[PDB]
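S.K.: Experimental structure below, sequence on top.
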Amino acid sequence: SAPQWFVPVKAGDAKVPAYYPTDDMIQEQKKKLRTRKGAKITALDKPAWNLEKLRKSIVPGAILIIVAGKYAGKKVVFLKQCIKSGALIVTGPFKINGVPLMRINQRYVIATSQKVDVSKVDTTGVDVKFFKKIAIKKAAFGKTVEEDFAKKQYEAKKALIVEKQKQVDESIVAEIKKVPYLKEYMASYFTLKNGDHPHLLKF
Amino acid sequence: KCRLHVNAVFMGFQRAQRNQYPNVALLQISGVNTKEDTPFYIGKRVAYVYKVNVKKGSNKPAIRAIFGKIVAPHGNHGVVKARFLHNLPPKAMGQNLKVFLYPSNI
Amino acid sequence: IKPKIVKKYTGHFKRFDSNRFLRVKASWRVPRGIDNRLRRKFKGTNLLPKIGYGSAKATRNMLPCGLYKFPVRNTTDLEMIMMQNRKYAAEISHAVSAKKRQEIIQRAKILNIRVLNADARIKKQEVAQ
Amino acid sequence: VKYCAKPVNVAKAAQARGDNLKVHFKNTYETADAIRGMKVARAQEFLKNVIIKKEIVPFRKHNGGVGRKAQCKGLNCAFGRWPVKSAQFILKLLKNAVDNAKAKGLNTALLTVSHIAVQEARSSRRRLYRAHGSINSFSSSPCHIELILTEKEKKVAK
RNA sequence: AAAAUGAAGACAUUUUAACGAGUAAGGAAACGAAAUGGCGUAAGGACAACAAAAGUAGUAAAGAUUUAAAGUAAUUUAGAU
RNA sequence: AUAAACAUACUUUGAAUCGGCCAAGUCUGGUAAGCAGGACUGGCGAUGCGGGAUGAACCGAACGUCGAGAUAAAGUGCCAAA
RNA sequence: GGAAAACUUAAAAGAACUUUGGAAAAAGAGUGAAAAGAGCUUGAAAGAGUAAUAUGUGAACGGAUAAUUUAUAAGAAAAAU
């Protein structure tokens, strides 16, 4: 048979030695670069082996402050933890802060003492399928050129499902207005004023 | 929009009388007047954000950053040690460094 | 697969006083002077070659591409590194003509051996072609 | 002796050259530095005033012991002279180069002194008889001069 | 230094431990587990496309100027002119 | 008692060297000397590094290329890290 | 007593006519595979000239560390049942 080091390639009608096989008996092989298997898929109800242990201060219904990322300084409500990724699933109810349903790692949030509680939140959807469904992905590599317009259409088609899952916010929004000054507190950016030393602040 | 950081002064590198070790940079966080107020900041992110007057035809960003972490205190007057991805430029002594609030352990 | 090649000192060990006189070239020579500043390892000027600067034995003499060098003068030279094409790389000698370089490059593609002078002594096919 | 640079468009440039010219290099190097870039019509008028001592040639680099003048105000140089021999030699090359433009068929009023260079030539030795039976050298300082005049037209580079 | 392995791999073998400043001075070549390791100049004798045209060269040698890479370094390698 | 097998005993061949200088809970000549000469040890010569502002000998400590950590002499109003 | 000084090309085919210039020369034209143009194979360093770029209060140069600018420079495969 062929030597383990010998991978024959087609000769473009060029000069080849007597020992080298001719073109008619050479079948080229596609270059293989991916040797590591991808992640497995388990049941939606079971938690991943790679699950973080949340801080004791972070409980469902509590209010958190986002201190990093695109929504830095905003306040949100912590519903539950994505068991398949370990990231918190928060909503700074869109009618109040404009923060949509998203996933944020627990290291970028501060757990405040203010708690909205709220049961019957109706989280029947909003799992790892939903967040992977509304993600905006690139245009691969070999998919023609498809410049510019790809992302604009993506937001339009995924917009409808985004609103559909905002039925979750219908409960917290009503409760939030019960506490005086809370709606103003939620909608306003978190700031560090003069004399606000972080090692002295308590939440 | 909001202030989510505390300004720290890049005083200088870890040094001796006649030597200098630019691997570690000393910072003076505002409001930290003693080493007992340092344990909060040990581990927080620190960024040196500067501005570069780029030309119109260049695609390099006009605002670049170097990030790093506060690793240990340095002395009894609330001075910290910070190690960055790349050593800070010595032209940046006396400038302000953003001390963020994450990784949050609150 | 390719390991991390670590160099302990990426600069050049220039001969002492070579920056002040044009007769003293930059090729290193250990100073044997009885009063020499460098050979006494004064602060500021204490940079001399030592065995301690030697790079790791595993990643020694290895080109940045991850392979070694194997000079070739004709097509038959390539046959010595066809079993080790994952380890070596052809490097056509500087005196090899352009007519012979095509034969080496054409054959090395057949034998799946990388050539580090693939664009050497090429014809004038750069403008108007 | 070859030219230091070649013109971008040969058809719109003219050349003149002199080799082993019996004129001081140190003096001529300063004269050619003064008229570099000025128009041919303007250059010929500057060189005549240097002859009759009405325009200065600033000795920027070779100014050891050179006396100050009143015409060296504004040039950032306190020293200047009126080299006549070097100015005349350039005047003969400028005329030769201009007559080459006319042969080519270029417009004279659009020509500038784009390039002009001076190089050190081979010196000729002589004898100077000194005290106590010593003899020293009495060496000339000749030079080569190149001149390239190009038609000046507006350029665009988007 | 000691254990292990050993006709040929290869990086002058594998593992473990200790060690590493230096003027005058010494350590010539060879020595498979090598009784220090190497770089460079020129000349002489051989080797250099293993199937009967067998190292490179007017499809551009040597030299020169530079650009990059390898080596702790002595230096080597290749591109362009 | 303690330590000692890359211990111990060497054999042969040979290089360079025999102008020395310094310190001191030491001495002799001298009014004294950064003078002259000695006993014991440690150094400089042959030796960089941290400290004494600077210094052949003082104090800490002797150097393959590096990363992190406790330290030495000694320091902590500014130059200058504390 | 007592030196220094070798080399165009295969072949002189060693420019040959015009314009500027007192002339030497220069610019065209031409020979030649190539000016190799007679101060003639190549053409280094010291020293200059031109062009591009950068810097600046009583020396200059070198080393470690970063920043800015410029240059080099890493890919066409592809998931779970």
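M.R.: Noted; the coordinates are in hand. Numbers count the residues shown, from 1 in each chain, chains lettered A, B, ... in the order given.
S.K.: can stretch B:81-92 be found next to RNA strand G?
M.R.: Yes. Contact of stretch B:81-92 with RNA strand G (Cβ under 7 Å from any atom of the strand) involves B:86-91. C-betas here are computed from N, CA, C, even on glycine.
S.K.: Next up, identify which helix or strand residue D:30 is on.
M.R.: Per DSSP states H and E: residue D:30 is located in helix D:25-34.
S.K.: How many residues are close by residue 119?
M.R.: In the absence of a named chain, chain A is used. Neighbours of residue A:119 under the rule other Cβ atoms under 10 Å in any protein chain shown: 9.
S.K.: right idea, wrong chain: chain D
M.R.: Count around residue D:119 with other Cβ under 10 Å applied: 14.
S.K.: try residue C:81
M.R.: 20.
S.K.: From RNA strand F, how far off is it?
M.R.: To RNA strand F, residue C:81 is 32 Å away according to Cβ to the nearest atom of the strand, to the nearest Å.
S.K.: show me where chain C has strands.
M.R.: All strands of chain C, identified by DSSP state E, fall at C:70-72, C:90-92.
S.K.: Please point out which parts of stretch B:95-106 sit buried.
M.R.: Across stretch B:95-106, burial judged by 16 or more other Cβ atoms under 10 Å in any protein chain shown covers B:96-102, B:104, B:106.
S.K.: can I get the residues you listed in JSON lines with secondary structure and distance to residue B:43?
M.R.: Shown next, in JSON lines, are the buried residues of stretch B:95-106 (DSSP: H, G, I helix; E, B strand; the rest coil; distance: Cβ to Cβ, whole Å):
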{"residue": "B:96", "secondary structure": "strand", "distance to residue B:43": "20"}
{"residue": "B:97", "secondary structure": "strand", "distance to residue B:43": "15"}
{"residue": "B:98", "secondary structure": "strand", "distance to residue B:43": "15"}
{"residue": "B:99", "secondary structure": "strand", "distance to residue B:43": "11"}
{"residue": "B:100", "secondary structure": "coil", "distance to residue B:43": "11"}
{"residue": "B:101", "secondary structure": "coil", "distance to residue B:43": "11"}
{"residue": "B:102", "secondary structure": "coil", "distance to residue B:43": "9"}
{"residue": "B:104", "secondary structure": "coil", "distance to residue B:43": "10"}
{"residue": "B:106", "secondary structure": "coil", "distance to residue B:43": "12"}
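S.K.: So is stretch B:54-65 next to RNA strand G?
M.R.: Yes. Stretch B:54-65 comes into contact with RNA strand G (Cβ under 7 Å from any atom of the strand), by way of B:54, B:58, B:60, B:64.
S.K.: May I ask which two of those are separated the most?
M.R.: B:58 and B:64 (12.5 Å; Cβ to Cβ).
S.K.: Who has more neighbours out of those two?
M.R.: Ranked by neighbour count (other Cβ under 10 Å), residue B:58 and residue B:64 place residue B:64 first, with 12 against 9.
S.K.: For the more buried one, which residues are in contact?
M.R.: B:49-50, B:52 (Cβ atoms under 8 Å, 6 or more residues apart in numbering or on different chains).
S.K.: Would you check how far apart residue A:10 and chain B are?
M.R.: Separation of residue A:10 from chain B (Cβ to the nearest Cβ, to the nearest Å): 41 Å.
S.K.: whoops, I mixed them up, residue D:28
M.R.: 42 Å.
S.K.: Also residue A:70?
M.R.: Relative to chain B, residue A:70 is positioned 12 Å away (Cβ to the nearest Cβ).
S.K.: can you count the residues close to that residue?
M.R.: Residue A:70: 8 surrounding residues under other Cβ under 10 Å.
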